[PDB]
Structure formats: C-alpha cells, structure tokens
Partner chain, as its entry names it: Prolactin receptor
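Given next, in structure tokens, is a single chain: the form solved without the partner chain.
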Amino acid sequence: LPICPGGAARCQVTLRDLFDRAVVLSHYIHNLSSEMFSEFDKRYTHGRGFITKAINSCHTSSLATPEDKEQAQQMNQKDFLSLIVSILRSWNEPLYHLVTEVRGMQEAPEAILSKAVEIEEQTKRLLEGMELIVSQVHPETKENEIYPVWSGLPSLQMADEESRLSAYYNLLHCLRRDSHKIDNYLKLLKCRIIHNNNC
C-alpha cells in the first residue's frame, strides 16, 4: 500500500524517525543552555566571586523524576514520558522572560539573545516529538502534559547586576542540567524504543 495516500498534511510518521530526531534535538538544547549560559556567566558574572555557590534549585527537580539509573529501571512506566513533557514545558515560560529581558539588555542584545530565541523554540519541538512518542508507546495516554510552576524572577526590572545575575544564574544554569536530563531519558528509552542494545 502507498506510504501516504493522496497528500495528507498530517500523513503518517515513523516513531523511529521522530524519536531519533527528538533524541538528537535534546543535545542541541544542551549546547544552547551551555553556551547561552556560559556567554552570560563569563559576561555578567565573569569571576564575580559570589556565583561560586553550589546553587541548583531547579523547579523541575520537584517532578517525580528518576533519582538515579537504578530507580529508572525500577520505574519502567509512563512516568518517563510524562516527566519529559513536564520538564520541557516547565522551561517554556522561564525562556520567554530570558528572551524578553535579554532583548532589551544593551549589554546582551543579540549575543545571548541568539541562543535564547533558538533555545526556547527547540524545546517545544521535543514536546511534539514526545507527545507523539508517548501517544504511540502508551496509546492509553489521552493527553498528559502536566508541568511544575514558576516562582522565581518576581520582578525583572532589578537593575542591580549582582541581584539580577542571580535571576538568570539560577535559571540558565538549571536550564542546562535539566536539558541534559530530558536528553538522558530519550537515550535510555531508545534501548526499548528502537534497538534493544543501546544506552
């Protein structure tokens, strides 16, 4: 039978194809959060002396994510698919503010904005790759897209460089580690998604 009868805008998609793109797409955000934050850390917090505190609030940490690889094996449930959606959506808002404040930042107008505008867009792409993957791996899932909330950056007019820096230091830094976590799950899921030998 024809792969795509006539011409459907939706047409059919191979779970492996989108999953493979979603697995690699997660690495792209890693570079964005890594370089986008590093360009900021070395620009506004260049050896500031106060950003050396081990700070990793990570609002998504509250999500029921796997504590370690051993627990992830113990999980083996739809929670993995739900956790990815919660993490990617949780950063959809925080990235919006980073782009708005950076857009008006004379010190960071297009430099950091270039990564901030593309980092918020790729994060949503993983969402679609995941929503079809979760809907294909677990057809029972009707529409699961619950994510944490946001309680940081109460006011973005903080002109203080030391205070405002914390505003993005907490977000951009956790944005990187979390982007890796979202990327890590696609790698583990690959083991039972396309090839038994992987991860």
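Residue numbers count along the first chain shown, from 1.
Not on display, but discussed next: the form deposited with the partner chain bound.
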- Query: Hey, in the deposited bound form, is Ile55 touching the partner chain, heavy atoms inside 4.5 Å?
  - Reply: yes
- Message: So in the deposited bound form, is the partner chain close enough to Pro148 to count as touching (4.5 Å, heavy atoms)?
- Response: no
- Message: My question is simply whether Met158 lines the interface with the partner chain in the deposited bound form - judged by any non-hydrogen atom within 4.5 Å.
- Response: no
- Is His46 one of the residues lying within 4.5 Å of the partner chain in the deposited bound form, judged by heavy atom distances? no
- Message: What I'd like checked is whether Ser34, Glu70 and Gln73 together line the partner chain in the deposited bound form, meaning each has a non-hydrogen atom within 4.5 Å of it.
- Response: yes
- Message: Pick out the residues of 161 to 199 whose heavy atoms come within 4.5 Å of the partner chain in the deposited bound form.
- Response: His173, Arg176, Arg177, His180, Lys181, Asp183, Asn184, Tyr185, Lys187, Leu188, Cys191, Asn197, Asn198, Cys199
